[PDB]
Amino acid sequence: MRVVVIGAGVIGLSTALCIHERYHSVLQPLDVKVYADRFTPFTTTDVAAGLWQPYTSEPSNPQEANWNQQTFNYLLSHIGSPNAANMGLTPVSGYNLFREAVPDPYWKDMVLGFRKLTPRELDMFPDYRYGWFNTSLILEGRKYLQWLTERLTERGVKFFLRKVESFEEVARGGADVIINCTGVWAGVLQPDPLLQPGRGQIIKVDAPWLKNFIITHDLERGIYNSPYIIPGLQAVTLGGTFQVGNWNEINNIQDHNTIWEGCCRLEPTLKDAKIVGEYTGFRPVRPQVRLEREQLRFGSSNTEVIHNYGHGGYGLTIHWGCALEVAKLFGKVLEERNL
């Protein structure tokens, strides 16, 4: 059948692939196309630091932790393959610093080697007073996008640089099912006051001697302003902002300065990191991820729509779960058609 994936960010691409991988033998003509107004390096995904780490507290939608876990495993499993880095993946170990004692993350056991930092360790960071240590993964957006793309491409999924106007339009196109993976911009296709830009700017700097991530946490200053540093495949991400509702898409000087000053403070060696770029992107914020089926009817047209958006600042971290999920629904959609 006719399937159209709207979006070419981590979400759509995975999902496209995932659906395609799982039902191309179960269905001869299984046409997949991907429509997107932006492709890497242009998506939000392309800006993401890429570290796998959910949020401190358990998700309102309890199922989401499983998605996080499944993602971590699919990733871990590729650790050992000669392709992992080509896939934009590698293990990274690091610190979560806090200014006071804090309960253990629900994912404490999903990552490798979770443990509370000792005082000697804490002295490596004179500001913080409590924290954790653990090993995890880095799944770099831009790279993963390129991989997913090559994979899809070989599987014959076709891409089109298009701005979808209305689901109707697509549907009118011929779409049988439509997978909505439009991230923060999902609103335009259908309003959702729940969804919102969680803006973040970051500085990319060249500072190879930094081998571990350090993610600082402020307790009376929202989730993002604290400075954070995340070593990636080829550069380091200096970070520190999460402004909900800001739609400004240009990097701002003060943000640049606060990020720079904050990190330089947490890691004085940055005093010599060469800055290689700055970026800003919109985390698709929503209280809970929207991943559900929805029948849209336009006259005589019976087109199904599966939503998968609102992954906030953890899209990479949870991408695979949701993908598996959409697949399951896409299956039911297929089952209702008796295949």
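All residue numbers refer to positions in the sequence shown, first residue = 1.
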query: Which of 70-78 and 123-131 has higher mean CA B factor, as the PDB entry lists it; finding: 123-131
query: Stretch with the higher entry mean CA B-factor, where the candidates are 112-120 and 229-237; finding: 112-120
query: Residue with highest C-alpha B-factor in the PDB entry, from 208, 174, 262, 88; finding: 174
query: Top Cα B factor in the deposited entry, candidates 41, 50, 299, 281; finding: 299
query: Third of chain Cα B-factors occupied by residue 29; finding: highest
query: Chain thirds of CA B-factor: placement of residue 16; finding: lowest
query: Residue 163 - which third its CA temperature factor falls in, relative to the rest of the chain; finding: middle
query: Chain-wide C-alpha B factor ranking for residue 57, given as lowest, middle or highest third; finding: highest
query: Chain thirds of CA B-factor: placement of residue 36; finding: lowest
